[PDB]
Structures are given as C-alpha cells and as structure tokens.
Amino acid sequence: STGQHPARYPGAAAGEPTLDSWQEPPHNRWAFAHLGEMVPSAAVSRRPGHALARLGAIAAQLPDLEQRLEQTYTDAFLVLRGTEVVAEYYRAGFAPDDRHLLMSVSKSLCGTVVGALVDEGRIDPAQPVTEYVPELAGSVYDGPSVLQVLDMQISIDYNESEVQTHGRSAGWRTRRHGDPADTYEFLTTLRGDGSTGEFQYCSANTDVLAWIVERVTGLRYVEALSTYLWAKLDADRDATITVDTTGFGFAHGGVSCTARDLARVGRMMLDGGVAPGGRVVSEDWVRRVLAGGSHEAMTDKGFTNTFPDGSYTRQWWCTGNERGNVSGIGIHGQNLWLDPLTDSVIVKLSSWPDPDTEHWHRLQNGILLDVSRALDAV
C-alpha cells in the first residue's frame, strides 16, 4: 500500500476515476471537463511549412548556426538575454507557441517546487524521505535524506529493466502483466545496497520528490507544479504533464511547454528565485544551485569528460566550467541552459534520433557554449 494520495477531484475515492468509470457519477462532472487526462486527445486547430529563423543578433558571430541547429534536430531554440528575446528558431511545422516535451528538464522544474516548500519550511532536506512518505520504508528510500534524493546520491539497483518498467507503470508504454499499478507502487519496489554519497542519475528520485510534495501539501503534483511554479511565471500557455492511472504527474520526464515559457523558469533562476507572480524559491536555494553539488560525488564520466569540475544538485546539472553554466537536461536534446555571466537563458528543444550519445551531446554542448560566448561583451 502506498498510503494517501491527492484525490483527482473533491471527494473522489482513491484511484478514481479510471478509464472504465469516468462516465459515471460522481466522476463524470470532473471527467467531462478534463477528458484529456483519461484518454489520448488531439488538438483541433482554431488556426487554418517553413522554418522560422530569427537568430539575428548572434547570427553575425555564428554564420552557420541555423545549419548547426538543423544538424542537432532542433525543434525550438530561444535565447533570452536579460528580459529580451534576442534569438529564436523553430523548425518547419513547429510554431513558436507550440509545446514540446521536456523529458528530464522536467526534473529541474520538480526540484524548484521542492525548493519552494523548503523556503516555506514545510520540507527539511535533512529529514529522511520516510518522514514524509512512511510507505517508502523497506525500500531503497528508507534511510536516505530528502537532500540525497534532490542531489541523486543514493545507490539504486535501477537497470538502465527498471527504466522500461518505470515507463509502463506510468503509462508511457504498454503495460505488461505483473507490472506495478501506478508510479507510487513502482517506487516502493526499488532496492539498493544502502550506500549513499555518490551520484547516480535515477529518474525514480524525482518522482519520490513529487510524492513528497504531494504528502506535504495535499495537492496533486499537477496542481503543486502550477501553484508553486507555473502560475507565478506569467506564462503564455499552460504547461502539460502526462499522468498515470491515478492522475499522478510524471514528474521526472512528462512536462511539455513552449520554448518561450520554459525560458521564464531560467529567468526566475537568474533573478534570485523571483518571478513576476512572486518569489518561487529563496535566494539561498538559487545560490546553492549555481554553486553546484559535491564534485567528488560526480563520477559520471559521460558528464565529467566534457565538464571535469561538474556536479549535480537539486535536480540541476552544474558544468563547473569557467562560465558557471548550469542546465536542465533531457534526452534527445532538451536543455534549459543558464548563462549567469551574460544574464542569459538558452532554451533548446530537440528530437535527436538517439536519446543520449556522446555524438549528440558533443554537438549540442558546442552550440550552447558557442551561443553563450557570443553573448559576451566585446
């Protein structure tokens, strides 16, 4: 048993509605206004072919930038310098206001929600996970602190299999018989040797954070992500997030939004944690993110080969490079990239044919770094 979870609507029974009950009362009142949460759905456009390239400013310094973006399967690219959009690119068929899957850039959004609750004094990172989610007793999350989840310094037996099972449990892939019912149940199945302190990138960590958020606030993670972050950004559009059969948002990977709106998250980070709608996280939280995590914990050569002094903290990758670059990162080429030096945010949303190869990362990081340097005063 995974304990109490936020009801899908006021008074809803646990787990209700399901794909088979949503037409029945009392479910149908909510379901009729939220059917996309139950059944896959397409937009029917209220608006009735060519790539949009407005690289302009930095185009002078980077002549072949558009070709480089094409080579890295770029769907949306946006550079925010201060409060100004100084460069934009969208591939043919992807509109400026279209939303794009964030993959694990979603994690950095989740960490931000956790940080907001730390700022409020409702989460103490030093406390064990089980202080907030007792039902994780007996799992690999029995013992580690919330901060160790945030920094992903927990040794976990997570086949990178657990990765497929995780997706099946959450509805990203077709369910197999014997699979856990939902994301919460999947998390309780996870085991490890009990060691901590070394970085191990594991998507399960972020979903535990979201579960903690739910227990602390009583809100569905879907709503917490809005209340503590999205609704304070003055975003152009809602974000979306995939949900599993209990309505639990896929915190570690399932958010989609526009490139411009994602940049508003970076802007908030470079503004000391303050957004147009109010403070999201504390100045201290932002400083700790920009400062990085323990370097010695970071033993992922896939990262340190490019960023030798890099680290990871609070759901952000920290390059530790001379620019102090930090980034949200998601597979197939998603970055929410911060360049504090120039007070700039770079959003790149892509669809590399492959999820995570040295080849694509090399090309992608080359672009992000070149664009960052192009923004330097000269």
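Residue positions are given as counts along the sequence shown, with the first one as 1.
The stretch of deposited sequence separating residue 48 from residue 49 contains 4 to 9 residues lacking coordinates in this entry. Gap check for residue 160 to residue 161: 4 to 9 deposited residues are absent from the model. The stretch with the higher mean CA B factor, choosing between 283-291 and 102-110, is 283-291. Averaged over their C-alpha atoms, the temperature factors of 114-122 and 217-225 are higher for 114-122.
Remark: of 242, 200, 305, 72, 305 shows the highest value [criterion: C-alpha B-factor in the PDB entry]. The maximum CA B-factor among the listed residues 261, 207, 238, 300, taken from the PDB record, is found at 300.
In the deposited entry, the Cα temperature factor of residue 29 places it in the middle third of its chain's modelled residues. Residue 183 sits in the middle third of its chain by CA B factor, as recorded in the PDB entry.
Residue-level temperature factors show residue 328 in the lowest third of its chain, judged at the C-alpha atom.
Residue 38: CA B factor lies in the middle third for its chain, per the PDB record. Residue-level temperature factors show residue 155 in the middle third of its chain, judged at the C-alpha atom.
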